[PDB]
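Trainee: generate a structure from the sequence data that follows.
(2 chains, ligands or ions: 2)
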Amino acid sequence: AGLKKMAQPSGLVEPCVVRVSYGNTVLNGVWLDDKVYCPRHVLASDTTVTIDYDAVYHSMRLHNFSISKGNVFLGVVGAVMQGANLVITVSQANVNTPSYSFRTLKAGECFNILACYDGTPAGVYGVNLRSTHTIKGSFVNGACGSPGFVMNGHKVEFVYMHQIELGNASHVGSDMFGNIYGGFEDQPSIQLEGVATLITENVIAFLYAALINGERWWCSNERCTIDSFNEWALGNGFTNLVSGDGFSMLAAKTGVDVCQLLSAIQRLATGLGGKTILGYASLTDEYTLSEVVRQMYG
Amino acid sequence: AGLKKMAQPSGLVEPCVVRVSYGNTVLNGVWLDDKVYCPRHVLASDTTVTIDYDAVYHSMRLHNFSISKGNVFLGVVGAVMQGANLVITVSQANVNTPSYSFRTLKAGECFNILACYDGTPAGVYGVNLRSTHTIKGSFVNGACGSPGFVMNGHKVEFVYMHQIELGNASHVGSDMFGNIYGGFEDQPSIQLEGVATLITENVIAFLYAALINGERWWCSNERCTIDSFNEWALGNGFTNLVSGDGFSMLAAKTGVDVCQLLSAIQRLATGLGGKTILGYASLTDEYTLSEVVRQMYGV
Ligand SMILES: *[C@](C)(O)C(=O)N(c1ccc(-c2ccccc2)nc1)[C@@](C)(C(=O)N[C@@H](C)c1ccc(F)cc1)c1cccnc1
Ligand SMILES: *[C@](C)(O)C(=O)N(c1ccc(-c2ccccc2)nc1)[C@@](C)(C(=O)N[C@@H](C)c1ccc(F)cc1)c1cccnc1
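Mentor: Numbering: from 1, shown residues only, chains lettered A, B, ... in the order given. Ligands and ions are numbered 1, 2, ... in the order given. Here you go, the structure:
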């Protein structure tokens, strides 16, 4: 009953956040087994001239690393560079290591940001990757290395590590495989995101959310083809639709066709009059199909 | 960098949530130090008429009780009804019982809800108590006994325990002392919900979040005395403000005083005219002052 951007329980991610301190600059690290993942820009302090990472890696002094989880210091042994990640090998092994697996996020999916500062978690909240492979969370200085995760069946899927904040207030993270989302760079040059187009299959589950909760005022008998929308979608800041197979489960209980919401979206997109839907005066892509089913039918 | 309702880390609370079952009704409970707390309506299975809890508490067979945390089954020992809650004593002690304590919340504060189903933690999100003393969150069938909590320095303070769901989709819970908030009944008979009046400080904090976040189209140079607003707040669905000395820090960083917002509240409470503030169609008391300071400046 209701609809809120809720985050999954952060309890398993929480023991792994460490404080990685290389010289002056100190940031957040994900500690799993004997390895500690952190953004490689910790090795940089320039923040003014283009950084030649290939050279600074070979010219690194491990005596300056001091990694910690509270009062314990983990002893640094080695460190290799996996993309934009600086995978650091420490002697102590995280006794608190959950069952983890790395995965990459496909645009539109939801995941959980464990905002951390100085190796201490601050808050957990759910976000979705946008059409530009950037997120719109809440971050302040020192968050570099805060993990993002999805969790299915007592197993953590580290899908995000924070790297940098764009001027857009948009946040760019790396993959745990070392791959910047959206093709951006950890470089001190100005970078601009593209136009954020709303993810269509999240807006649909958001409209079934309104019909399950009885708000049927916006809905009418009109229906549009998957095709005519895909044509209309690009020119109106929306993503195209591949198929409508998964909604058929919800479409039956509601009795509202998939082709019928499309006619509504073409109308409702930049169309909400005074009347709002579920607390929103504009369509939103925050809510996925998975999230709707967990908040509506257990 | 953004305004994002977020919950504090729920790691310490997750060891304590247990599956409490008494025959048909199965719902969640908090396992603190060898005592499981749960709503007293787990004993009742009837949702027709008003139920004599004093007579149902005595018609209680402890042998019927089934508590479990995963595969482990707890052995129930004692059971005393405290208010609208059930303090159940068991043999094993939650060995991971955090630095815990109870509290009752004055209206307007923000706390952290841990929704559970079948003794399984499932989500965690921030919510603030409305003036009617009903939070408004997400709860499906079987979430009775999901604890709320607020954490000040690794010490867990349990403040909520889910009891019932009203008509307005408003959610009602009980403190760990066994008192239904706002004075409600855990009975099936129909029950009214009050008119939600907005907490003024949390609206002011929400407005500073907008001035810090750039949206300054609604702000002009109007200063309003606090009493004229209080006289106006008693007649327009707001609350009277006690002090604005905590806002002294946000006012200096924005350069906008607290008086300007107070007049601005009188302006926009009528309606935002289709122009949203921070992605919000109307004024919102969701963001408390302290939570706004951790997100904007990071304390
Ligand atoms: C990290 C260090 O904790 C941090 O908060 N930010 C940051 C700072 C510097 C770098 C960086 C330095 C040298 C080379 C490459 C990257 N990355 C991240 C903040 C302060 C940040 O990103 N600021 C922006 C303006 C920035 C971009 C690029 C850059 F090189 C330097 C700064 C930051 C603040 C808030 C949230 N996230 C990150
Ligand atoms: C709990 C059992 O998990 C549950 O979801 N609900 C509930 C059901 C019954 C009682 C109750 C039983 C006996 C005596 C008094 C109360 N409390 C809670 C739900 C289904 C619920 O609250 N339904 C409403 C209609 C209800 C209110 C009051 C009442 F006495 C009986 C029923 C529920 C649904 C969704 C969210 N929370 C609770």
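
Trainee: residues of chain A that sit close to ligand 1?
Mentor: Of all the residues in chain A, those in contact range of ligand 1 (Cβ under 6 Å from any ligand atom) are A:27, A:41, A:44, A:46-47, A:51, A:139-144, A:164-165, A:186, A:188. The C-beta positions use only the backbone N, C-alpha and C, and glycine is treated the same way.

Trainee: mind checking which of those are in strands?
Mentor: For these, membership in strands holds for A:27, A:164, A:165, with DSSP state E as the criterion.

Trainee: for these, which one is nearest ligand 1?
Mentor: residue A:165 (3.4 Å; Cβ to the nearest ligand atom).

Trainee: what sits against the residue of chain A found nearest ligand 2?
Mentor: Checking chain A residue by residue against ligand 2 with Cβ to the nearest ligand atom singles out residue A:1 as nearest, at 5.6 Å. Contact analysis of residue A:1 by Cβ atoms under 8 Å, 6 or more residues apart in numbering or on different chains lists B:138, B:139, B:140, B:165, B:169, B:171.

Trainee: could you redo the last one with a cut-off of 10 Å?
Mentor: Under the criterion of Cβ atoms under 10 Å, 6 or more residues apart in numbering or on different chains, the neighbours of residue A:1 are A:213, A:295-296, B:136-141, B:143, B:165, B:169-171.

Trainee: next SSE after the longest helix seen in chain A?
Mentor: The helix of greatest length in chain A, counted in residues with DSSP state H as the criterion, is given as helix A:200-212. Once helix A:200-212 ends, the next helix or strand along the chain (criterion: DSSP states H and E) is helix A:226-234.

Trainee: ok and that following helix relative to helix A:200-212, angle-wise?
Mentor: For helix A:226-234 and helix A:200-212, the angle between their directions (axes from the mean of the first three to the mean of the last three Cα atoms, to 10 degrees) works out to 110 degrees.

Trainee: who are the packing partners of helix A:226-234?
Mentor: helix A:200-212, helix A:258-268 (3 or more Cβ pairs under 10 Å, 6 or more residues apart in numbering or on different chains; DSSP states H and E).

Trainee: next one: the following helix or strand past that helix to chain centre, how far?
Mentor: Scanning forward in sequence from helix A:226-234, with DSSP H and E defining helices and strands, the next element found is helix A:248-254. Here the centre of mass of C-alpha atoms in helix A:248-254, compared against the chain's by Cα atoms, centre = their mean, to the nearest Å, lies 28 Å away.

Trainee: hmm, helix A:248-254 touching chain B?
Mentor: No. For helix A:248-254, no contact with chain B is found by Cβ under 10 Å from any Cβ of the partner chain; the gap never falls below 14.9 Å.

Trainee: show me the contacts for the residue in chain A sticking out farthest from the centre.
Mentor: Using Cα atoms, centre = their mean, the residue of chain A lying farthest from its centre is residue A:221. It sits 36.1 Å away. By Cβ under 10 Å, 6+ apart, the contact list for residue A:221 reads A:260, A:263.

Trainee: phi and psi next, for it.
Mentor: Here is the backbone geometry of residue A:221 (degrees, to the nearest 10): phi -80, psi 0.

Trainee: how close does it sit to ligand 1?
Mentor: 48 Å (Cβ to the nearest ligand atom, to the nearest Å).

Trainee: count of neighbours near the closest residue in space to residue A:143 that isn't next to it in sequence?
Mentor: Residue nearest to residue A:143 in three dimensions, not counting chain neighbours: residue A:162, with 5.3 Å by Cβ to Cβ, 6 or more residues apart in numbering or on different chains. The number of residues packed near residue A:162 is 25, by other Cβ atoms under 10 Å in any protein chain shown.
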